[PDB]
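# Residue-level structural notes
This is what each chain is made of:
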Protein chains: 4
Amino acid sequence: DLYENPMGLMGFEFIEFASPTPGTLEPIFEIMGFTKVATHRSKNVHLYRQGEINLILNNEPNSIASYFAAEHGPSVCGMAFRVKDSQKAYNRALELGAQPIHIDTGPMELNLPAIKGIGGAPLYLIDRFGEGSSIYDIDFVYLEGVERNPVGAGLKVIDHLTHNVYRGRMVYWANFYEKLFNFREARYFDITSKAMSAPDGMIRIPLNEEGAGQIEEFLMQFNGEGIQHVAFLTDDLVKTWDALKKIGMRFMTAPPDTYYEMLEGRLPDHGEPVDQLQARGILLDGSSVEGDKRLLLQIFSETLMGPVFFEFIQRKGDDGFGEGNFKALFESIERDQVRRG
Amino acid sequence: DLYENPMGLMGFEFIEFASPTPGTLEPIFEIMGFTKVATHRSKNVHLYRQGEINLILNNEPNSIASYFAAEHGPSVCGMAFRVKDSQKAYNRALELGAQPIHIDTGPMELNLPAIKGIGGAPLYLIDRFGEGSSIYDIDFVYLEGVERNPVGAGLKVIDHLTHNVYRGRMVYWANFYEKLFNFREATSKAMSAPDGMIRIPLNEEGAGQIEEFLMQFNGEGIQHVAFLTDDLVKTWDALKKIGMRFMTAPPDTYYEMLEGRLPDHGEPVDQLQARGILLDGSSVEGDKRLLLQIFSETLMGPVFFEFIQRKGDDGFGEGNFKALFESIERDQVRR
Amino acid sequence: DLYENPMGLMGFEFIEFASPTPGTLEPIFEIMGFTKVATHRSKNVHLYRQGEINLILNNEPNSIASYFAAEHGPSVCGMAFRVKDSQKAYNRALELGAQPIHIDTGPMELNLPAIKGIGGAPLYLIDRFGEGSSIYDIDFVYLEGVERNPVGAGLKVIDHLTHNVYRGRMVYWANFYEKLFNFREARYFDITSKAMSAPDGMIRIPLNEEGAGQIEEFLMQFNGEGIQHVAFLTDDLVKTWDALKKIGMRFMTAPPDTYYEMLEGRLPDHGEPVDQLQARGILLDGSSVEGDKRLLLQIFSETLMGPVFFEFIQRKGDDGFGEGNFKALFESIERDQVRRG
Amino acid sequence: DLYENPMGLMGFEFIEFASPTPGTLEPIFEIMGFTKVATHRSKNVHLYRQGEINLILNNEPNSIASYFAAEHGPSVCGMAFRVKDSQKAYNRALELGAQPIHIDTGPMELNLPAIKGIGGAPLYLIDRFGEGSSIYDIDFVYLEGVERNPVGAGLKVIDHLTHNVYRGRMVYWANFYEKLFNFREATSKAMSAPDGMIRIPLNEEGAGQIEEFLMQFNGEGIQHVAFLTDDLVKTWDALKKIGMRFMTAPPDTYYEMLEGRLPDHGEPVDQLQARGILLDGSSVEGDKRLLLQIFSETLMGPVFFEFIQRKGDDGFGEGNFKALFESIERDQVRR
Ligand SMILES: Cc1ccccc1-n1c(=O)c2c(C)c(C(=O)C3=C(O)CCCC3=O)ccc2n(C)c1=O
Ligand SMILES: Cc1ccccc1-n1c(=O)c2c(C)c(C(=O)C3=C(O)CCCC3=O)ccc2n(C)c1=O
Ligand SMILES: Cc1ccccc1-n1c(=O)c2c(C)c(C(=O)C3=C(O)CCCC3=O)ccc2n(C)c1=O
Ligand SMILES: Cc1ccccc1-n1c(=O)c2c(C)c(C(=O)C3=C(O)CCCC3=O)ccc2n(C)c1=O
Ligand SMILES: [Co+2]
Ligand SMILES: [Co+2]
Ligand SMILES: [Co+2]
Ligand SMILES: [Co+2]
């Protein structure tokens, strides 16, 4: 409860996926250790689960997600927050100037309220959850025999979703979340990024601005502003790595060996087993001041759904996002190209 | 079981009430042995229960039930059938020509399908039922601590409810329940459903007690709801104990004629006659298909309730009409 | 401007017709001297006209009129009032408890507001009218060459539409028009009828209650409350009669010859040419007190659309509805059966 | 005439403006020579006219135009094509995959069809036009007495309007106007319509003046609207007389290069250079396809307007880009 929470937020509830071409999102869920676990009572949409992360696969045609997918490709096409009271939130959001998104509801099914968010993605406000009570219990039908609490590679919750937005728009969306939900900028990065945290301490949505770089090509390939990477939290990254590598997950190529030598200059006495991080390509960041250890282990997938990739992170006291790895990696590729030509 | 169930009916699920005067519907559920059990998550609507009977009290203003109540006063303003697949039924009713009634659904609540039925009241088609999965477990907040399976005076299910329609419209409403739900007829018309549990009898007709209902009710509508019980003498002493008002007893001449009209019925005539309970049925080939029944006052405008116990008779107490008539002649003559 | 007119009423605008079977309403319009004069830009609905009476033929399938026609047969299925400001009226009606009826509007076409009236018939509130401005100019397309102000047999305006309602409901609908439009009961008849006039002096809607009579059979055959007869006004009834008889109009059988002899006892010095009324079956009513002549000539068609019939009336100072003709006709059939057996 | 017109386009019908600050849009229509002529029958929306150009000022709150204006400031927030059959076009656009924008229509008003076009602004499809039968004769109340055909500074039609889109989205919007309306391309892309009158050029591109527009505008949108006139020197003295602010003149070196770049153009170079007017075209085979043009300041955020006169050139003044660039070098060197 970090500051005033007028919308009654209580963390991420679920993320929605859709693609214009079929069979492109199912196999990606598999390699990240997610399991299909239920199917909608009426619609052609499906629930994948791992730890406490719910992921919805929307394959409904002429639906709001398939239009979003028709324009952006394979994508994160929806995003739901947990709220205490979702009509108090939905009303307050429309009073403060949000535009509704009508999600068509079938008979005997739950009217899910959304507003227009990033890229035109619906932002749902959900006030039912918990076993037996959840919207998965009400509106979904679980697979016979299958388990409803799969643990997979050990991913626990969504840590954050970071958006890429067009030059200028970072301040626009930053006011969107500040005005309607009372988000606050907790961090700033100048390499350009604003780290918007929710008053619940769980919902983190970083926003990124570029020219001629990694962000500008994302907006070209995504055909608009959208979620660049989804970050899953894990209790142990190296074990999640093995369990993820066991099931065909592909990661970005490890940094040069130089990167792992410089670790004891960068973060003296971090305590991490460098052999184990070097054997997997895992990165590390944080700061080490006066006996207080704040660190962060993270590794990225390659791009998997169009220009969207994923992050697997374990936090050891650092509430940042790996920002130091950008300078750390350039000095690494630098010393390693120097050492060879 | 009887025959084919193209809409998958599985009994009555709930009936709904509305009134344009407050504090008039609650006292009537109470002396009928119903207990407030749950309150809607957001609207001013309430769940009263006894046995497996579900009574929704709708006090939501500017709504479907209030506009209905403003025209017809205290009424049964909605009726819900239970169904296997509510979506296939909804579209089937519509493609066969039914009209939809849209019921305004709040955020995070259940979108309830209904067509327009008798007198304009919504006919809901509900496919969520049973403990933990019904529409009350979802959209209603049970009074915390309160026993949520109250049994009360021992009323079990909604046996039937009947409709008073204007002259000529018996056929119109029989068709409506024939075309859409495959009801079969088994002046009155006893329309029974393919699931063996949903019975809707349709009455017409002048200057009599149906003419009086359609005046006092301001249109077609449900005239009485009948709740079944297993021991009507037992249900009677319970229902009396809490304040029920019955229509007053026949003249004792009605009881002199019992073993003449229903030879060897076997009922404790004294225990019945002490409570004004009616009898009806037939005794043929030693098979004594019989039934007990009593009614109440008009309690919601011209609407009242019947409390029946079925000892093998599939009827509704019809012969009680001629049977009472002769009890008033043989009492007038001896008066 | 007879009393306070909060809804800003200015007479009848149009009457709407629909039948479950085709070719049953077109030939009836003909014999009453109405002319097809336009067709809707998009919908399969048509304008018939004569003097200032507009009549709409709605043949649109799955429309609100075809559902009303599916239940009541050939019928008057809609009714529109002229108003000064139709959103002030439509708002006020919904504040005072009327239920809206949504009439589906096509693109580039006019949203017509209605509320639920008698039988579930929509009551439209129209604030555009007058040549060039009317809804017929906006939403309708006139037939090439054809005239747009046909005069026919000389029928001028709708004088009144009288409804039949179930026993008891006369007071209900009387409060409907009193509450929402400030109608007042101007006459009462005990034979049972309430004569509801509008605060503009033009809109007249009598309501009729029955048992075992002319009204009870109407509700049986109409399958509900509805308009029993539509009354057209004419400047000269006997000339309208000839012009109507010229085009195949069929009337109710004339009263006995007895009826026309008793006329000078009933209404001394009425001045009407009795030969001309007797030659046509036209009826007469009014009262004759102290040099003031208030009279009323009228004749009825047979039933033409199911149980619905029509009235052609000419008013000479009597603001009634022919009520005296009910007693006048029984005493007529009485003397005439006496004079023969 | 050019080629087949599957949506039956027949020119621009109106453009719509909205701003989230009051009293900022009206002064700009006035110095541009537009006159308030009509006011909506019920909403706070207004019709400004000059020539055959129709400008709708939408000040309706809690509406489609205000939400658009709150995001992008003073803007062109809607654009209407004129069409033979608006219903067949509407359904055709939808069956080809366009999305609908619903515009909330009051009682007794016209239900205006629109799809979602550039930047999210409605693209209306209007089939009522001309005097006595247009949407202004119906839904708008003309100021009584006011001359309803004002001619002003002699601007006639909307020549074109252009869109600034983000990098890569030129193709996206070309397809959108190719698939739905059969526009043909005839960094920029000049999309022209099958009716020979509707031209929408699409621009992208960094750190330049398009990057600056999509920042200052907060998305894709119309960057300038161009109104055609028959005598641009005449339109200039009129437009100046009433307060127009132009982008200031080229350096005189731009005029030393005219008869070098456009041999024997024949234009009164002194009358142009006194007004900062630009020239462009080609002279080949004695056919001198040429055009005159001037722009204004940014007047609605980063949006401005162009006033062109076409002497046989079908272009947009493109060569003026290189032509000015060389006028700033040859002026910097001599400075
Ligand atoms: C994955 C990748 C591919 C090709 C070029 C570069 C990368 N790449 C990243 O994208 C990357 C990101 C995206 C983060 C990161 O999560 C992040 C936040 O969530 C919010 C604030 C801004 C930010 O940097 C951290 C380290 C990263 N590092 C070290 C890396 O190399
Ligand atoms: C007539 C009357 C007046 C004042 C209160 C009560 C009564 N009244 C009834 O309403 C009454 C009813 C309503 C039934 C009955 O339930 C029944 C059905 O359920 C459907 C078929 C037709 C029918 O009548 C049976 C006997 C009745 N009897 C015997 C009686 O006296
Ligand atoms: C036409 C008809 C057929 C078979 C039985 C009778 C008739 N019949 C009528 O229906 C009839 C009517 C309907 C009126 C009449 O217009 C009317 C009003 O508009 C409102 C108040 C009640 C009323 O009577 C007047 C005279 C009538 N007369 C004289 C007649 O014979
Ligand atoms: C660059 C600039 C800065 C500050 C104000 C004005 C300008 N500016 C323009 O905006 C400008 C435009 C906008 C056009 C033009 O209308 C045109 C089209 O209509 C579509 C094809 C691409 C294109 O450019 C032509 C010449 C122009 N010129 C010469 C100029 O200077
Ligand atoms: Co991250
Ligand atoms: Co009964
Ligand atoms: Co009449
Ligand atoms: Co231009």
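This deposited entry lists X-ray crystallography as its structure determination method and 2.749 Å as its resolution.

## So, the overall build of chain B
Check the secondary structure of chain B and you find 11 helices and 16 strands. Seen through its C-alpha atoms, chain B measures out along the principal axes to roughly 65 × 45 × 40 Å.

## Quick notes on the coordination of the cobalt ion (ligand 7)
Residues and elements named next belong to chain C. With distances of 2.2 to 2.3 Å, the protein atoms coordinating the cobalt ion (ligand 7) are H160 (NE2), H229 (NE2) and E311 (OE). Remark: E311 occurs in strand β17 (residues 309–316) and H229 occurs in strand β14 (residues 226–234); sequence separation between them is 82 residues. For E311, a relative accessible area of 1% gives the class buried.

## Observations concerning the coordination of the cobalt ion (ligand 5)
Looking at the metal site, the cobalt ion (ligand 5) is ligated by A:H160 (NE2), A:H229 (NE2) and A:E311 (OE), spaced 2.2 to 2.3 Å from it. As far as the burial class goes, A:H160 and A:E311 line up, both buried.

## A few points about the site of ligand 3
All names here are of chain C. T162, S193, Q214, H229 and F321 are the nearest of the 18 residues found near ligand 3. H160 is positioned such that a nitrogen or oxygen atom in its side chain is 3.4 Å from an oxygen atom of ligand 3. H229 places a polar side-chain atom, nitrogen or oxygen, 3.2 Å from an oxygen atom of ligand 3. Where the shell around ligand 3 is concerned, the elements lending two or more residues are β10 (155–164), β13 (204–208), β14, β16 (292–300), β17 and α11 (324–338). Top element by residues in the shell around ligand 3 is α11. It accounts for three residues. Per-class residue counts for the shell around ligand 3 are seven nonpolar, 10 polar and one charged.

## With respect to the sheet that holds strand β1 (residues 9–18) of chain C
Note on sheets: strands pair through backbone hydrogen bonds, and any given pair is parallel or antiparallel. Residues and elements named next belong to chain C. Pairing in this open sheet of nine strands is mixed, and the strands run β6-β7-β8-β5-β1-β4-β3-β2-β9 from one edge to the other. Of all the strands in the sheet, the pair left with one neighbour each is β6 (100–101) and β9 (140–142). The sheet contact formed by strand β5 (residues 75–83) and strand β8 (residues 122–126) spans four bridges and is parallel. Bridging across to β8, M79 finds its partner in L123. The sheet contacts of helix α2 (residues 64–72) involve β1, β4 (53–58), β5 and β6, and relative to β5 the element is tilted by about 135°.

How each quantity is defined
- Residues numbered from 1 in each chain as written, not as in the entry; some residues may be left out.
- Chains lettered and ligands numbered in written order.
- Heavy atoms only, no water.
- Residues with missing side-chain atoms left out of burial classes, pairs and counts.
- Helix = DSSP H or I, 4+ residues; strand = E, 2+ residues; numbered from the N terminus.
- Donors = N, O, S within 2.8 Å, 3.2 Å for Na, K, Ca; no water.
- Buried < 20%, exposed > 50% of the residue type's maximum accessible area, 1.4 Å probe, protein only.
- Near = heavy atom within 4 Å.
- Polar contact = N/O pair within 3.5 Å; in protein donor to acceptor, adjacent residues only side chain to side chain.
- Nonpolar A, V, L, I, M, F, W, Y, C, P; charged D, E, K, R; others polar.
- Pairing = 2+ DSSP bridges.
- Contact = heavy atoms within 4.5 Å.
- Axes fitted to C-alpha atoms, helices over the stretch in contact; angles between N-to-C directions.

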